[PDB]
Every structure is written in C-alpha cells, then in structure tokens.
Amino acid sequence: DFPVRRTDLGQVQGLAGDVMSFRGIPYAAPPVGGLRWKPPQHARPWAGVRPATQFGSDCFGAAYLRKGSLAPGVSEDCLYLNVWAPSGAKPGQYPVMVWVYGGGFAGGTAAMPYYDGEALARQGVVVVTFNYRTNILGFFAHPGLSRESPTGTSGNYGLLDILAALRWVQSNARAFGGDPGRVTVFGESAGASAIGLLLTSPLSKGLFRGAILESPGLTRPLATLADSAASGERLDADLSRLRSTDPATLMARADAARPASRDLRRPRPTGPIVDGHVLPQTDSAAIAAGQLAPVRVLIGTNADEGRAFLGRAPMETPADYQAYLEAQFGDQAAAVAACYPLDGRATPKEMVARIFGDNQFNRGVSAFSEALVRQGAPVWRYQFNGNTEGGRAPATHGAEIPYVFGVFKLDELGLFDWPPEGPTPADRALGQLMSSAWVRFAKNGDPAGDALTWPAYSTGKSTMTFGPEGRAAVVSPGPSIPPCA
C-alpha cells in the first residue's frame, strides 16, 4: 500500500513505512488578509497529488514555545494537520486520536519531535496533530470584528480552528484508515483547557466520542466579549489598519503589553473569552447548569503542576513568601497563609507551587470531574506522580507527554525529567502502561485492561496514580484540594 491518500480536497503523498506519515495537509483556507480574525473557511480543492512530506508552517506565537520545531518556519498561513496511520489500514478500521498541543494560548506547534504520532499509531490508531491560530491572531476581539460577524461576535478563532480540524477528521478519517465514529480528542495544558471549554460549547456536538484532558486549566477567569472588544478597540480603533499590519509587528506589539508576572485573578492576556457563540458562558456557569457534553472523559493532573511556573523572583525566605502572598491576595494574605502555611513541612517555593497548581489546575480538574460524574458521563481520573525512586522530583507540568506519546526526547523548556543517559527502564515501563491505557481509551472508551484495573471516577472517586517504579495503582478517594482553598 502506497503513501498516497485522497482527502475530500484531493490526493496527498506522505512518507511510507510500517506507519504511514502525512504532514502539512491543509484543513482550512489560509486565514490571511481579509480572513485574519475570521472563522476558518473551507479550503480549495487541488488537482493531482499534493506533497505532504513536510510539516506546514507554524502559526505565529511566542518564540520560546516553538523552540525545537521541525517546521520550516512561521506564517499566518498555518492551518495544517498531520496524520499517522498503520500501513494498509482499511477504511473505518481504526479509532482516531486528535492531539491538541498547549502553549498557554500564546504559542506552540504540532511539529515537536515529542508529538510524533508513530509510536501511538503502531498500537492501532490513526493519530492526528494540527496547528491552530493562537496569541493575538487566534484570540482577539474588536467592535468592527463583531460588526462584520455572522453571529455578531468576535474572538476565539483558535477554538474555531480546533473545531474545523475535528470536522476535517469527521470528513476524512476513513480515507486514512480511521473511524469517524471513534474519535478521541486529547490534549495537554492549554490544549486540554481548550478541549474542556469545548465540552461546554454547543459547537462541539458530534465531533468526538471521547476526550482526554492532560493538565487542563479550567474554571479560571475569562474575559467577556465586551471587555475584550474594548481592549481590542484600545489597541487600534481602525480595524482596516489592524488587518493591514504585518503579523510579526502586531505580535510583537501585543507581546510588549503582556504582564511580566502572572496575576491569578486576571484572564489570560490572550485566550478564550465568553464570546456568546463558541462559549455562551464561563465554564464555571456551564458546569453549574449542567451544560456539559457527557462524552467519555479521561482527565488528570501531575503531582506538582505549579513548580514549572515559579519564575526567577526570589522565593527562599518567609519574608519572600509573605511578600508574594500580600502582592497576590491583598487582605486575604493571612487566610491564604492559614490554608498554605510555612510551618516547616515545605519550602516557600514548594508552597507557592502548591498555591499556583491548586488555583490554576487542581481546582478546575476537581470541578470538571465532579460535574462529569453528576451528568452521567463515563469519566476516569488520574494523577501522574512519575518515577521518583532515584530521588527525582515529583512530576511537574508537561512531564507526562513522553509517557503518552512514547517519544523520550528532551524538550527545550526543561520540563521532561530523566537522566542524560536516557530514560530508566522504569520510565519506559510506565510509558508502555500509560500509552496502552490511552490507546484502550481510544479503542473501547475505557482505559482499563486485563492487567490494569481502573474503575471510573464516579466509583468512590477512584483515581489512577502513575506512581514510582514504573507502576500504577488506584486510590480511592483520590486527590483533593484543601477545603480552605
């Protein structure tokens, strides 16, 4: 079987092998010129066989979030996807896993070596990765944009790109050996946050039967369309001039206005807003009202989510910790200190990491887990502690990605943690276990197997811990944020 496949827009040529690889397939018209800050449009068909051996351009974003990219460059023309599939896969044969990378809604790319879909696809799945608009080009509101809009709204173009990629998968999975009725969307960090927000979106209906959320940031403050559009008008009231501005120039201009320190009480500088169309309300209100798609969900966190966000401001003394508490929480500094005391159990760095991880990840994961149980969804939960046996620190943000994808190659942001010689045998064993469980979730809607007992979170808050020594074990009841938080 040759590495040529017919998409609904025409044929593409990928790379041959036991797993066929296709790269740089367009899934929407290039969102350039008049199509900047518009919903993604259907791409145009082509004749003959289009090359699909090289990744497409990355979307514009923070440079440090694409360090190590395998793509040839950066462009607004960036709505491209990549497909891995077992060679000789028949139409409708395999389930599909559609990856959503995280980059804080500020950057990132699918063309990372640790997002290569070969090891997953070899276990019997069709793996899809794709780029979506991000930063000011993917998340931006403006009164003129709302005026020109068919829905009268603006913003959230990156989420619309996620949805367009999922629609492409619906239309094209069979041609690449996949089953559109067995689609699992999975993502990490901001990607998992996007998946979680889309679980409250009426626009996601019928685009996936399963969702895996790895460290999503949910129940966080979100800007309203009114405030975001006012901000956009303050950037420039003339929408035409904004659209005639070079993308690197506008990206740099917006980046200069970003806060150097992260205020937990504020919305992300660029990210999803309550536009009323993609997200008719905050995810907290949707949770409360039961506006959740009760799809199959696998959700979880890592042991020490906050450690990766610490930064460089001094955090060594109780004075430093008190100053941080005052700066971030004002008159509630004493209450937060009571909930998170420096009593000798942890360092100031460890306590700031606890606070950050609870506020930005663990609380939202608990809330979504409980609401999914409440709505009758099939829901499983995990905590990835990692292999700490050799004195390794508990897993922080991003650490679990190589254990899911199976590509043990160090990242450029220093997040993946294993010895310079390479991963330990326990690391590879834990990776096999976890990746097989993910594949089982995609295949059967259930991460349990004949060697891994994993009851749903609805049963006694059961939570699978991927603990030390390459082993996994269920804990009931599972992780819980402090009640005072």
# chains A, B, ... in the order shown; residues from 1 in each chain; ligands from 1
call {"tool": "residues_around", "arguments": {"residues": "region 287-300 of chain A", "least_positions_apart": "5", "cutoff": "9 Å", "atoms": "only C-alpha atoms", "output": "PyMOL selection string"}}
result
chain A and resi 184+186+192+198-202+204-205+208-216+219+282+362+365+367-369+371-384+438+441+445-447+463-464
call {"tool": "write_last_selection", "arguments": {"atoms": "N, CA and C atoms", "output": "tab-separated table (two decimals), in the first residue's frame"}}
result
chain	number	residue	atom	x	y	z
A	184	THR	N	-11.33	10.26	19.54
A	184	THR	CA	-10.98	10.77	20.86
A	184	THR	C	-10.11	11.99	20.64
A	186	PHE	N	-7.63	14.54	22.39
A	186	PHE	CA	-6.80	14.59	23.58
A	186	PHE	C	-5.79	15.72	23.43
A	192	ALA	N	-5.59	20.94	26.50
A	192	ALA	CA	-6.60	20.32	27.35
A	192	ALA	C	-7.59	21.35	27.86
A	198	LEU	N	-14.48	23.47	25.21
A	198	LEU	CA	-15.33	23.00	24.13
A	198	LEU	C	-16.36	21.98	24.61
A	199	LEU	N	-16.08	21.29	25.72
A	199	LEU	CA	-17.10	20.43	26.32
A	199	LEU	C	-18.33	21.22	26.75
A	200	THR	N	-18.21	22.53	26.93
A	200	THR	CA	-19.36	23.39	27.23
A	200	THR	C	-19.87	24.13	26.00
A	201	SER	N	-19.35	23.81	24.82
A	201	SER	CA	-19.73	24.53	23.61
A	201	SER	C	-20.74	23.73	22.81
A	202	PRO	N	-21.88	24.32	22.44
A	202	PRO	CA	-22.79	23.60	21.52
A	202	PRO	C	-22.15	23.31	20.17
A	204	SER	N	-19.39	21.83	19.55
A	204	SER	CA	-18.59	20.62	19.51
A	204	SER	C	-19.41	19.36	19.27
A	205	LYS	N	-20.73	19.49	19.16
A	205	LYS	CA	-21.62	18.34	19.03
A	205	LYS	C	-21.19	17.41	17.89
A	208	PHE	N	-16.53	14.25	18.48
A	208	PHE	CA	-15.71	13.25	19.15
A	208	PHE	C	-16.56	12.52	20.18
A	209	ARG	N	-16.30	11.23	20.34
A	209	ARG	CA	-16.96	10.46	21.39
A	209	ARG	C	-16.17	10.45	22.68
A	210	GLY	N	-14.90	10.82	22.64
A	210	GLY	CA	-14.06	10.77	23.82
A	210	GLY	C	-13.14	11.98	23.88
A	211	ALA	N	-12.74	12.32	25.11
A	211	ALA	CA	-11.86	13.45	25.34
A	211	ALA	C	-10.91	13.12	26.49
A	212	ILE	N	-9.61	13.32	26.25
A	212	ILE	CA	-8.58	13.15	27.26
A	212	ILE	C	-7.99	14.52	27.54
A	213	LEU	N	-8.06	14.95	28.80
A	213	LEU	CA	-7.59	16.26	29.23
A	213	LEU	C	-6.40	16.07	30.16
A	214	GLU	N	-5.20	16.39	29.67
A	214	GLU	CA	-3.97	16.27	30.45
A	214	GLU	C	-3.61	17.66	30.98
A	215	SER	N	-3.76	17.85	32.29
A	215	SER	CA	-3.47	19.11	32.96
A	215	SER	C	-4.18	20.31	32.33
A	216	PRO	N	-5.51	20.30	32.24
A	216	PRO	CA	-6.21	21.47	31.72
A	216	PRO	C	-6.33	22.57	32.78
A	219	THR	N	-12.05	26.50	34.98
A	219	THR	CA	-12.69	27.35	35.99
A	219	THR	C	-11.84	28.57	36.32
A	282	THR	N	-19.17	31.31	30.98
A	282	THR	CA	-17.97	30.74	31.58
A	282	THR	C	-18.16	29.24	31.78
A	362	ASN	N	-5.71	22.23	39.72
A	362	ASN	CA	-6.32	21.16	40.50
A	362	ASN	C	-7.79	21.46	40.83
A	365	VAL	N	-9.89	20.85	37.71
A	365	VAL	CA	-9.98	19.42	37.43
A	365	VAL	C	-10.96	18.75	38.38
A	367	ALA	N	-13.51	20.24	39.80
A	367	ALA	CA	-14.84	20.72	39.46
A	367	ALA	C	-15.39	20.00	38.23
A	368	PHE	N	-14.56	19.87	37.18
A	368	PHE	CA	-15.00	19.18	35.98
A	368	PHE	C	-15.25	17.70	36.24
A	369	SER	N	-14.40	17.05	37.05
A	369	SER	CA	-14.61	15.65	37.38
A	369	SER	C	-15.95	15.45	38.07
A	371	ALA	N	-18.57	17.44	38.05
A	371	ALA	CA	-19.70	17.75	37.18
A	371	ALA	C	-19.93	16.65	36.15
A	372	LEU	N	-18.85	16.03	35.66
A	372	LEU	CA	-18.99	14.94	34.70
A	372	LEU	C	-19.62	13.72	35.36
A	373	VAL	N	-19.23	13.41	36.60
A	373	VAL	CA	-19.93	12.37	37.34
A	373	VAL	C	-21.40	12.72	37.46
A	374	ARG	N	-21.69	13.98	37.80
A	374	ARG	CA	-23.07	14.42	38.03
A	374	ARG	C	-23.92	14.31	36.77
A	375	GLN	N	-23.32	14.47	35.60
A	375	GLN	CA	-24.06	14.44	34.34
A	375	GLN	C	-24.16	13.04	33.74
A	376	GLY	N	-23.69	12.01	34.45
A	376	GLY	CA	-23.78	10.66	33.95
A	376	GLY	C	-22.74	10.30	32.91
A	377	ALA	N	-21.66	11.06	32.81
A	377	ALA	CA	-20.64	10.77	31.83
A	377	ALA	C	-19.77	9.59	32.29
A	378	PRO	N	-19.26	8.81	31.35
A	378	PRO	CA	-18.17	7.88	31.67
A	378	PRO	C	-16.88	8.65	31.86
A	379	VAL	N	-16.39	8.76	33.10
A	379	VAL	CA	-15.27	9.64	33.40
A	379	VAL	C	-14.25	8.89	34.26
A	380	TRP	N	-12.98	8.97	33.87
A	380	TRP	CA	-11.86	8.43	34.62
A	380	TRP	C	-10.88	9.56	34.95
A	381	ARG	N	-10.19	9.41	36.08
A	381	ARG	CA	-9.26	10.43	36.55
A	381	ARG	C	-7.92	9.81	36.91
A	382	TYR	N	-6.86	10.58	36.69
A	382	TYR	CA	-5.50	10.15	37.00
A	382	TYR	C	-4.71	11.27	37.66
A	383	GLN	N	-3.69	10.85	38.40
A	383	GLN	CA	-2.61	11.72	38.83
A	383	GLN	C	-1.28	11.06	38.47
A	384	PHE	N	-0.45	11.80	37.75
A	384	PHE	CA	0.85	11.34	37.29
A	384	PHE	C	1.90	11.88	38.25
A	438	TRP	N	-4.09	4.86	27.31
A	438	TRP	CA	-4.64	5.87	26.42
A	438	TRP	C	-5.22	5.24	25.15
A	441	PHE	N	-8.42	3.61	25.87
A	441	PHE	CA	-9.50	4.59	25.98
A	441	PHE	C	-10.00	4.98	24.60
A	445	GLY	N	-13.32	3.15	24.69
A	445	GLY	CA	-13.94	4.12	25.57
A	445	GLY	C	-13.65	3.90	27.04
A	446	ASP	N	-12.63	3.11	27.35
A	446	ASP	CA	-12.36	2.67	28.71
A	446	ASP	C	-10.86	2.41	28.86
A	447	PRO	N	-10.18	3.09	29.79
A	447	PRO	CA	-8.73	2.90	29.92
A	447	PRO	C	-8.33	1.64	30.67
A	463	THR	N	-9.06	7.16	41.45
A	463	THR	CA	-8.11	7.91	40.64
A	463	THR	C	-6.87	7.05	40.44
A	464	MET	N	-6.51	6.82	39.19
A	464	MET	CA	-5.31	6.06	38.89
A	464	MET	C	-4.08	6.94	39.12
call {"tool": "closest_atom_pairs", "arguments": {"of": "region 263-319 of chain A", "to": "region 411-414 of chain A", "cutoff": "12 Å", "atoms": "only C-alpha atoms", "output": "JSON lines"}}
result
{"residue": "A:307", "atom": "CA", "partner": "A:414", "partner_atom": "CA", "distance": 11.8}
{"residue": "A:308", "atom": "CA", "partner": "A:414", "partner_atom": "CA", "distance": 9.0}
{"residue": "A:309", "atom": "CA", "partner": "A:413", "partner_atom": "CA", "distance": 11.4}
call {"tool": "write_last_selection", "arguments": {"atoms": "N, CA and C atoms", "output": "PDB file, in the first residue's frame"}}
result
ATOM      1  N   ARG A 307       5.270  23.873  39.983  1.00  0.00           N
ATOM      2  CA  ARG A 307       6.718  24.070  40.052  1.00  0.00           C
ATOM      3  C   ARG A 307       7.265  24.683  38.767  1.00  0.00           C
ATOM      4  N   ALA A 308       6.710  24.293  37.619  1.00  0.00           N
ATOM      5  CA  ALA A 308       7.192  24.795  36.338  1.00  0.00           C
ATOM      6  C   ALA A 308       6.876  26.268  36.107  1.00  0.00           C
ATOM      7  N   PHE A 309       6.043  26.889  36.943  1.00  0.00           N
ATOM      8  CA  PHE A 309       5.642  28.279  36.751  1.00  0.00           C
ATOM      9  C   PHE A 309       6.319  29.241  37.723  1.00  0.00           C
TER      10      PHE A 309
END
call {"tool": "atom_distance", "arguments": {"atom1": "CA of residue 268 (chain A)", "atom2": "CA of residue 196 (chain A)"}}
result
15.9 Å
call {"tool": "select_by_dssp", "arguments": {"residues": "region 234-399 of chain A", "states": "alpha helix (DSSP H)", "output": "ChimeraX atom specification"}}
result
/A:234-235,239-243,247-256,283-289,318-329,333-339,348-357,363-374
call {"tool": "atom_distance", "arguments": {"atom1": "CA of residue 180 (chain A)", "atom2": "CA of residue 99 (chain A)"}}
result
14.9 Å
call {"tool": "select_by_dssp", "arguments": {"residues": "region 282-470 of chain A", "states": "strand (DSSP E)", "output": "list in words"}}
result
residues 296, 297, 298, 299, 300, 301, 302, 379, 380, 381, 382, 383, 384, 463, 464, 465 and 466 of chain A
call {"tool": "atom_distance", "arguments": {"atom1": "CA of residue 416 (chain A)", "atom2": "CA of residue 118 (chain A)"}}
result
19.4 Å
call {"tool": "closest_residue", "arguments": {"among": "A:264, A:315, A:78, A:164", "to": "residue 329 (chain A)", "atoms": "only C-alpha atoms"}}
result
A:264
call {"tool": "residues_around", "arguments": {"residues": "residue 316 (chain A)", "least_positions_apart": "6", "cutoff": "8 Å", "atoms": "only C-alpha atoms", "output": "PyMOL selection string"}}
result
chain A and resi 347-349
call {"tool": "write_last_selection", "arguments": {"atoms": "N, CA and C atoms", "output": "mmCIF file, in the first residue's frame"}}
result
data_model
loop_
_atom_site.group_PDB
_atom_site.id
_atom_site.type_symbol
_atom_site.label_atom_id
_atom_site.label_comp_id
_atom_site.auth_asym_id
_atom_site.auth_seq_id
_atom_site.Cartn_x
_atom_site.Cartn_y
_atom_site.Cartn_z
ATOM 1 N N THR A 347 9.087 24.197 51.625
ATOM 2 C CA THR A 347 9.792 25.444 51.377
ATOM 3 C C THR A 347 8.842 26.494 50.805
ATOM 4 N N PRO A 348 9.231 27.775 50.845
ATOM 5 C CA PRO A 348 8.404 28.797 50.178
ATOM 6 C C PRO A 348 8.158 28.504 48.708
ATOM 7 N N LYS A 349 9.174 28.028 47.982
ATOM 8 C CA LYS A 349 8.975 27.634 46.590
ATOM 9 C C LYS A 349 7.913 26.551 46.478
#
call {"tool": "residues_around", "arguments": {"residues": "residue 134 (chain A)", "least_positions_apart": "5", "cutoff": "6 Å", "atoms": "only C-alpha atoms", "output": "ChimeraX atom specification"}}
result
/A:105-107,158
call {"tool": "write_last_selection", "arguments": {"atoms": "C-alpha atoms", "output": "PDB file, in the first residue's frame"}}
result
ATOM      1  CA  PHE A 105      -2.871  30.179  24.131  1.00  0.00           C
ATOM      2  CA  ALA A 106       0.263  32.154  23.238  1.00  0.00           C
ATOM      3  CA  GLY A 107       2.289  29.788  21.068  1.00  0.00           C
ATOM      4  CA  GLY A 158      -8.216  29.315  17.760  1.00  0.00           C
TER       5      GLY A 158
END
call {"tool": "decode", "arguments": {"residues": "region 336-399 of chain A", "atoms": "C-alpha atoms", "output": "PDB file, in the first residue's frame"}}
result
ATOM      1  CA  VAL A 336      -4.182  32.003  52.251  1.00  0.00           C
ATOM      2  CA  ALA A 337      -1.264  31.617  54.677  1.00  0.00           C
ATOM      3  CA  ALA A 338      -3.573  29.712  57.024  1.00  0.00           C
ATOM      4  CA  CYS A 339      -4.548  27.431  54.136  1.00  0.00           C
ATOM      5  CA  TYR A 340      -0.922  27.197  52.914  1.00  0.00           C
ATOM      6  CA  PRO A 341       1.309  27.683  55.966  1.00  0.00           C
ATOM      7  CA  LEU A 342       5.092  27.825  56.089  1.00  0.00           C
ATOM      8  CA  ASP A 343       5.190  25.510  59.102  1.00  0.00           C
ATOM      9  CA  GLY A 344       8.349  23.562  58.226  1.00  0.00           C
ATOM     10  CA  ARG A 345       6.616  20.992  56.016  1.00  0.00           C
ATOM     11  CA  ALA A 346       7.559  22.702  52.736  1.00  0.00           C
ATOM     12  CA  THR A 347       9.792  25.444  51.377  1.00  0.00           C
ATOM     13  CA  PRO A 348       8.404  28.797  50.178  1.00  0.00           C
ATOM     14  CA  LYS A 349       8.975  27.634  46.590  1.00  0.00           C
ATOM     15  CA  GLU A 350       7.018  24.451  47.290  1.00  0.00           C
ATOM     16  CA  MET A 351       4.151  26.403  48.864  1.00  0.00           C
ATOM     17  CA  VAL A 352       3.952  28.913  46.005  1.00  0.00           C
ATOM     18  CA  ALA A 353       3.914  25.922  43.644  1.00  0.00           C
ATOM     19  CA  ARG A 354       1.090  24.339  45.673  1.00  0.00           C
ATOM     20  CA  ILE A 355      -0.932  27.562  45.507  1.00  0.00           C
ATOM     21  CA  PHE A 356      -0.343  28.019  41.777  1.00  0.00           C
ATOM     22  CA  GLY A 357      -1.153  24.411  40.891  1.00  0.00           C
ATOM     23  CA  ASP A 358      -4.296  24.313  43.021  1.00  0.00           C
ATOM     24  CA  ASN A 359      -5.620  27.617  41.682  1.00  0.00           C
ATOM     25  CA  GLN A 360      -4.703  27.097  38.011  1.00  0.00           C
ATOM     26  CA  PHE A 361      -5.212  23.338  37.591  1.00  0.00           C
ATOM     27  CA  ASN A 362      -6.322  21.159  40.505  1.00  0.00           C
ATOM     28  CA  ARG A 363      -9.488  23.099  41.416  1.00  0.00           C
ATOM     29  CA  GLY A 364     -10.798  23.103  37.853  1.00  0.00           C
ATOM     30  CA  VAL A 365      -9.979  19.422  37.426  1.00  0.00           C
ATOM     31  CA  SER A 366     -11.909  18.576  40.597  1.00  0.00           C
ATOM     32  CA  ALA A 367     -14.844  20.719  39.458  1.00  0.00           C
ATOM     33  CA  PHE A 368     -14.997  19.176  35.977  1.00  0.00           C
ATOM     34  CA  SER A 369     -14.612  15.646  37.380  1.00  0.00           C
ATOM     35  CA  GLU A 370     -17.480  16.139  39.822  1.00  0.00           C
ATOM     36  CA  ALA A 371     -19.701  17.749  37.176  1.00  0.00           C
ATOM     37  CA  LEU A 372     -18.989  14.938  34.703  1.00  0.00           C
ATOM     38  CA  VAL A 373     -19.929  12.367  37.336  1.00  0.00           C
ATOM     39  CA  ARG A 374     -23.066  14.415  38.030  1.00  0.00           C
ATOM     40  CA  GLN A 375     -24.065  14.437  34.342  1.00  0.00           C
ATOM     41  CA  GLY A 376     -23.775  10.656  33.950  1.00  0.00           C
ATOM     42  CA  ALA A 377     -20.636  10.766  31.834  1.00  0.00           C
ATOM     43  CA  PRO A 378     -18.171   7.880  31.669  1.00  0.00           C
ATOM     44  CA  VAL A 379     -15.268   9.636  33.404  1.00  0.00           C
ATOM     45  CA  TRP A 380     -11.858   8.431  34.620  1.00  0.00           C
ATOM     46  CA  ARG A 381      -9.262  10.431  36.548  1.00  0.00           C
ATOM     47  CA  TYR A 382      -5.504  10.149  37.000  1.00  0.00           C
ATOM     48  CA  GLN A 383      -2.607  11.720  38.834  1.00  0.00           C
ATOM     49  CA  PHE A 384       0.851  11.336  37.292  1.00  0.00           C
ATOM     50  CA  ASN A 385       3.453  11.406  40.073  1.00  0.00           C
ATOM     51  CA  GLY A 386       6.235   9.992  37.896  1.00  0.00           C
ATOM     52  CA  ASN A 387       9.148   7.758  38.815  1.00  0.00           C
ATOM     53  CA  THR A 388      10.588   9.335  41.956  1.00  0.00           C
ATOM     54  CA  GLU A 389      12.582   6.289  43.103  1.00  0.00           C
ATOM     55  CA  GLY A 390      16.012   7.663  42.206  1.00  0.00           C
ATOM     56  CA  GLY A 391      15.428  10.925  44.025  1.00  0.00           C
ATOM     57  CA  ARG A 392      13.690  12.523  41.039  1.00  0.00           C
ATOM     58  CA  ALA A 393      11.386  15.427  41.826  1.00  0.00           C
ATOM     59  CA  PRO A 394       7.634  14.772  41.582  1.00  0.00           C
ATOM     60  CA  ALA A 395       6.323  15.304  38.068  1.00  0.00           C
ATOM     61  CA  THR A 396       5.545  18.902  37.169  1.00  0.00           C
ATOM     62  CA  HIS A 397       3.660  20.469  34.261  1.00  0.00           C
ATOM     63  CA  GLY A 398       4.184  18.679  30.949  1.00  0.00           C
ATOM     64  CA  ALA A 399       6.143  15.738  32.371  1.00  0.00           C
TER      65      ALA A 399
END
